[PDB]
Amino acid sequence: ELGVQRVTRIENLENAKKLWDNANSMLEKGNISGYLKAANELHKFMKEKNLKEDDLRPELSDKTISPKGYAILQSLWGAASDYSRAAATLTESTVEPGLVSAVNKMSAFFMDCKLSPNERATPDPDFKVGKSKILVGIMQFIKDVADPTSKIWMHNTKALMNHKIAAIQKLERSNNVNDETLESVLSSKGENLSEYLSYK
């Protein structure tokens, strides 16, 4: 390594550590939207700077993900896993499962930066976040990062996210949230809607 390469690598590792800390802070606050955004910023920076999880892990030795943080990560994992599968239907099984799975993989990356292979999370088993809240967080993030020209079946992706967010919020408003009513939203491609959704 030339001196410039060493200095550059160290600077980049230090900045990547700061971005990891920001994501961990959002997680600690229970800020689902903020965490997903910060996890994406971490991933983008590491890709840009040619840094891998193994490079950053030693820099995170004095950092910890809390039991609360792990419970939130587990809730996001379970919800994204369930949603990616629910969104794979005979109508379409590529775009919506792909977007949801990418979100899950992005969160997994945040953990891989801190944890060695097969090291277990230590979630607080008593810390619950509502699945409906987690799902809306995922959908809001997908809305933000989906291409404006992206479509799920015949509907604009961003617009279908807004539609599903509203559907989940209507379930919450009527005290009608359960795995079945949530699944109906997750698996829907809006095939019964009177108009094809557009964003703008």
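Residues carry their position along the shown sequence, with the first being 1.
Of the two segments, 161-169 and 46-54, the one listed with the higher mean B-factor is 46-54 (C-alpha atoms only).
For the segment pair 121-129 and 103-111, the entry gives 121-129 the higher mean B-factor, averaged over Cα atoms. Note on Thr91, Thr94, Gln74, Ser84: the highest value goes to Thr91, judged by CA B factor as recorded. The maximum CA B-factor among the listed residues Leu36, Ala146, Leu60, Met139, taken from the PDB record, is found at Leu60. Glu11: CA B factor lies in the middle third for its chain, per the PDB record. Ranked by Cα temperature factor within the chain, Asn192 sits in the highest third according to the deposited record. Annotation for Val185: C-alpha temperature factor in the middle third relative to the rest of the modelled chain, per the entry. Annotation for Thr64: CA B-factor lies in the highest third of the chain's modelled residues. Ranked within its chain, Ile134 lands in the middle third, by CA B factor from the PDB record.
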